[PDB]
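Just one chain is shown here, as structure tokens, and it is the form deposited without its partner chain.
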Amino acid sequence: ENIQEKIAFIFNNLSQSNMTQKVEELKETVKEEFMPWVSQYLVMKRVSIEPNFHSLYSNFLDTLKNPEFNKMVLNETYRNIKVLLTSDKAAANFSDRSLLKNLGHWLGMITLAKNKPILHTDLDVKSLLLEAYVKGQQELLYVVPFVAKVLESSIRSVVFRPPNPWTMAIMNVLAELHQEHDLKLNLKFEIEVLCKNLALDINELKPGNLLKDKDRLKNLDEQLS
């Protein structure tokens, strides 16, 4: 338990200036066995409630240079997103909504901005959006801002820049949701903000008819609840 406080102390006063020295302190203090605890602590107690200090943690991951630890962090993030998504969607869970938004931002920062993909066996985004549309109005509030946050970091990826087929695949679905007359002004303005951030034109996109395929929407894989 004494070590448990040292990890918190190390993460508390992190700065760009002392990043290397604090990394050395952490490598000296924490063991190999206790690394999963640090991964869960960083993704559950530090990243997900503090959206302002995110570049610091990405730089910490880069400086540490531990692919096993990076995989542990990514897996814990995916598990947390799944737990939040497949939960009782209470209409007043603003804390949960912010939690999901911040975790999605972190996911987009540590996968898309690192020129790595979001694996389908771990999380599918287009199917998530279609299921959100088919389930009702509550799940859209959870999904559309989360997907916008994930795609926000695509502009910093030379692989996942707008002309990427996958990014346009997600963006055309979001454009359809934008065109939907039953969607709310909040979600519509969020989609427009994402389009501005990616420097696209909502009028220049190529929306399809994915929301009109009842047969496809019936047999969707269930990542929600």
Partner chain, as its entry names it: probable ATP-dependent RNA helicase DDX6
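Positions refer to the first chain, counted from 1.
One more form of this protein, deposited with its partner chain bound, exists but is not displayed; see below.
- Among heavy atoms of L14, some come within 4.5 Å of its partner chain in the deposited complex.
- In the deposited complex, its partner chain stays beyond 4.5 Å of every heavy atom belonging to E176.
- In the deposited complex, at least one heavy atom of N18 sits within 4.5 Å of its partner chain.
- With a 4.5 Å cutoff on heavy atoms, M35 does not count as touching its partner chain in the deposited complex; it lies far away.
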